[PDB]
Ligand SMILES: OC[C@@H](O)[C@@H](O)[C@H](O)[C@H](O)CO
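Before any questions on how it binds or moves, here is one chain, the form deposited without this ligand, in structure tokens.
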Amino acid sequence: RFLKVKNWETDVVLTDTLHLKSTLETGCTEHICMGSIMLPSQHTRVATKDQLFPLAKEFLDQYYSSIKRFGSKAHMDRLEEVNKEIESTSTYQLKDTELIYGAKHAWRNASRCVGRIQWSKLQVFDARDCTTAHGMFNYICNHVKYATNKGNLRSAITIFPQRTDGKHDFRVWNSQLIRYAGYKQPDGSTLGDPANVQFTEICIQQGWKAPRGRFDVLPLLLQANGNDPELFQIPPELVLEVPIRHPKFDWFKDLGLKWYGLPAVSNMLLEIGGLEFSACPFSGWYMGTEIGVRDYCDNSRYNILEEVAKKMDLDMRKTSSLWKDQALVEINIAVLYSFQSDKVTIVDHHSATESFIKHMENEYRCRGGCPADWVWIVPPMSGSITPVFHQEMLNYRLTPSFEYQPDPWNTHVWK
């Protein structure tokens, strides 16, 4: 009942009691493991009043347990206070203090996140007073500006008002606030970013006028209080981009690539004490592999191993010349280099995996465990030369949490 995880590079052993507080299910049963299914029906996100008080209760009991007032009159009164508001309006509202707590712990509990060492250093912007798509654009712009901080990136989250009835719903329709457009061509091939070609279309549907190129920063599509979403373009001066050069190959400039400094995931759902925030964009800084490995080299993303290997003059006949591997290490040295020569915050996959282990240490010491998803923590290149390859991680789902949710244009009862 008090499980043990081992590291096989260091012969280090930690004990995990934190999983006893766990609540949600994981997809796995006694007779099957779903640890590699992408979006289980568990990780995807309508709640009633009887269901709501336990969740409000359980969350408040840990929030007061964490300020050294577990069970006092401050705790009890707030328990009755929300119990009362839950009678009155069937739902309730979070204190400013409870929002910062819940927010930070959704990150802290995010088992697929390698960078959680920074979870307490998080900036919470309360956008619960927002009412229009224009209001959302203004909060989101102030977020971009703040988190970007001149490439000295800072973590932040902006929390639009919680889902209520369920049809009056705030959503950012973009996957990330900053993403390049994706355009199909005549021959079927794809200019820009193949990932977003669906979204680019709905953008031009609603009225976007695309500069049909590669690294076209998409506009924002903002849905407010259930209304139909509206297009807004972030000021270009607030979209910090990094041109990708290499510290050897002078043709790497002619490759012509660039990426945005700020990764800002916007399309997911923040759960706090049983309340659902459908729009809650959060940002940090990039790990180099997210761009150099996945973005640039996924077959169905930018797919540049073709072109890079060419310029390197590479044995591209044989599969086993390892030319793909060769051009991937070069591509990732260049992303890191380019980002660092511009003083834009980036972390290499070795630094970040080492910290996640140092992080795992503190989570097991001062918290009794740390949920972690190996499939997603291991960087997607040079896996076993990073230290997390050899660390056993127990995955389990605590709360407060971040949950996937269906895309709006599928669910949105239009016009």
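Numbers for residues come from their place in the sequence shown, where the first is 1.
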Of the other PDB entries for this protein whose models extend past residue 47 on both sides, does at least a third leave it without coordinates?
yes
Length class of the unmodelled deposited segment, which would lie between residue 45 and residue 46:
4 to 9
Comparing 106-114 with 249-257, the higher average Cα temperature factor in the PDB entry belongs to 249-257
Mean C-alpha B-factor higher for 294-302, or for 181-189?
181-189
Reading the B-factor column for Cα atoms of 143, 75, 150, 324, the highest value belongs to 75
At the C-alpha atoms, which of 215, 101, 119, 125 reaches the highest B-factor in this entry?
215
Looking at the temperature factor on the CA atom of residue 28, which third of the chain's modelled residues does it land in?
middle
Position of residue 391 among the chain's modelled residues by C-alpha B-factor, lowest, middle or highest third
lowest
Where does residue 270 sit by CA temperature factor within its chain: lowest, middle or highest third?
lowest
By the entry's values, the third containing the CA B factor of residue 60 is the middle
Can you tell me which third, lowest, middle or highest, the CA B-factor of residue 351 falls into for its chain?
middle
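Not pictured, yet referred to below: the form solved in complex with this ligand.
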Although this ligand is absent from this view, report whether residue 137 comes within 4.5 Å of it in the deposited complex, heavy atoms only.
no
Can you tell me whether residue 92 touches this ligand? I mean in the deposited complex, with a 4.5 angstroms heavy atom cut-off.
no
Given that the partner is absent here, does residue 197 sit within 4.5 Å of this ligand in the deposited complex, heavy atoms only?
yes
Check whether residue 175 has any heavy atom within 4.5 Å of a heavy atom of this ligand in the deposited complex, and answer yes or no.
yes
Using heavy atoms only and a 4.5 Å cut-off, determine which of 190, 162, 223, 267 is in contact with this ligand in the deposited complex.
267
Which of 323-331, 175-183, 83-91, 126-134 lies within 4.5 Å of this ligand in the deposited complex, heavy atoms considered? The stretch 175-183
Could you list the residues in 130-148 that come within 4.5 Å of this ligand in the deposited complex, counting only heavy atoms and keeping sequence order?
none
